[PDB]
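Undergrad: I need the structure of the sequence given here:
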Amino acid sequence: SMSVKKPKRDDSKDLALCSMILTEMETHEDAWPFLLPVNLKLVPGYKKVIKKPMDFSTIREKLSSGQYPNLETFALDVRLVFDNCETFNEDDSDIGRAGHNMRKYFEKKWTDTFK
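TA: Numbers count the residues shown, from 1 in each chain. Below, you will see the structure:
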């Protein structure tokens with residue numbers, strides 16, 4: 001509350017560490033469905049169904065331009081990429097399996113880096 005604060009967690013490395021995680025996601029072999037925005041002209045149904053499209057390149061631009069106020073907003077966009085993927089793709093498809101794998105990969109890096 002006013003003049004009553006928990007001890008200050010060091011957040012000065014968060015930007016660099018989120019960049020490193022994102023590099024590792026970008027370079028994973030199953031990253032291909034997620035690297036670029038879904039082409040809303042060429043993929044029927046995507047525009048209407050997925051209210052908030054997200055992809056790694058868009059996260060990279062937002063990161064590089066100070067559009068994440070803190071590490072939680074960064075994790076919310078990463079998770080959005082995988083939540084979108086599950087919304088649009090069957091579990092038993094290459095892209096559906098890609099999303100589950102990437103989410104797992106992300107969550108481990110996240111826990112090991114910050115928890």
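Undergrad: give me every residue that touches the spatially most central residue of the chain.
TA: Centroid-nearest residue in the chain: residue 78, 1.2 Å away (criterion: Cα atoms, centre = their mean). Residue 78 sits next to 22, 25, 59, 106 when contact means Cβ atoms under 8 Å, 6 or more residues apart in numbering. Backbone N, C-alpha and C define where each C-beta goes, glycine included.
Undergrad: for the last one, which non-adjacent residue is closest in space?
TA: Meaning residue 106. residue 78 (5.6 Å; Cβ to Cβ, 6 or more residues apart in numbering).
Undergrad: for that neighbour, give its distance to residue 11.
TA: The gap separating residue 78 from residue 11 is 18 Å, by Cβ to Cβ, to the nearest Å.
Undergrad: restricted to buried residues, select the contacts of residue 78 in ChimeraX.
TA: Listed next is the ChimeraX selection for buried residues among the contacts of residue 78, using 16 or more other Cβ atoms under 10 Å:
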select :22,25,59,106
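Undergrad: show me the contacts of residue 78 that map onto strands.
TA: Applying DSSP state E to those, no entry is found in strands.
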